[PDB]
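First, one chain by itself: the form deposited in one PDB entry, in structure tokens.
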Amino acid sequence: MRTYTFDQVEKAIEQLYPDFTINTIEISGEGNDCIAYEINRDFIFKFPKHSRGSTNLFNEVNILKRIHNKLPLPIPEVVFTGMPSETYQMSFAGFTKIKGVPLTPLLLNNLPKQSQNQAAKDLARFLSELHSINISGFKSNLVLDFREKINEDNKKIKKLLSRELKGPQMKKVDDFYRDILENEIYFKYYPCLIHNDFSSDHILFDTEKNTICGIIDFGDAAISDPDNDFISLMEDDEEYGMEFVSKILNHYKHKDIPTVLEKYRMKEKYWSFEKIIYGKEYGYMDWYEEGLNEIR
């Protein structure tokens, strides 16, 4: 993982954009992929911490440029782009800053009833139009076939933990994976463009108008199961919970809710294996031992 000084940030931006004058730099945020910098209090620059994070940044920029005028809610606008190298697919990207605070479950529940329902309606409309965007012009490395993922993940876990787990333990893991693959409900979806990380941290809110004013972080966006965008908001622990999501599914006119709940229960048990794999593909070895003990 690469860390940046504040001098290096301006130095990279100045090389490509010399006529752009920088006044102040603030570490706006920090995720598993990039470091965020707020510049001129109206721009958000993302710098990849590693190669894989640069790939997601590269993917985010390309997706935003294709759907910038196809959505009912504001999304990040790309205004600056970096260059590719032997280590990064894109050195950085500058976005127009969307003003507002994350619509955390606490803020949502404190809203007037009419505002909460308006939020559900606006979210459902956003997801409805997002999942209706023509995926023809889109690439295919963004296509995420879930059956291919589960099969691939099975081989990864097996390759990773063949020297960690005992014989019957590995077979138990294989049993879990086999039960998933024989359940046709997880794979008979209609592929469409999804946000794929649709959570409260990525939903900006205007506390003045009491309406959602933006959706951010499209770095995980892909062509996959539309139900993914509902189950990511469905968690009761850190998200909105079933009741609010039910309102979304209503406006979304979802014809098959029980199978969305079935997918949700599956993903929650599967998170242990995600932490093992994500803890390898994205560094962060802390997740590795965390998920390692869980599956035992």
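Residues that one form lacks are left out of the comparison. Basically, rigid core = biggest C-alpha set you can superpose within 1.5 Å across the two forms. So that there is no doubt, residue numbering starts at 1 and follows the sequence shown.
Another form exists, deposited in another entry; not displayed. Remarks below refer to it.
- Comparing the forms between this form and the one not shown, the C-alpha position of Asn151 differs by 2 angstroms or more, with the core used for superposition.
- Superposed on the core, the two forms differ at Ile277: its CA moves 2 Å or more between this form and the one not shown.
- A displacement of 2 angstroms or greater separates the C-alpha positions of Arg178 between this form and the one not shown, with the rigid core held in common.
- Between the C-alpha atoms of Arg265 and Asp286, a gap narrowed by no less than 3 Å is obtained in that other deposited form, as opposed to the form on display.
- Under a 2 Å criterion for C-alpha shift, the consecutive stretches of 3+ residues that differ between this form and the one not shown after core superposition lie at 145-178, 272-296.
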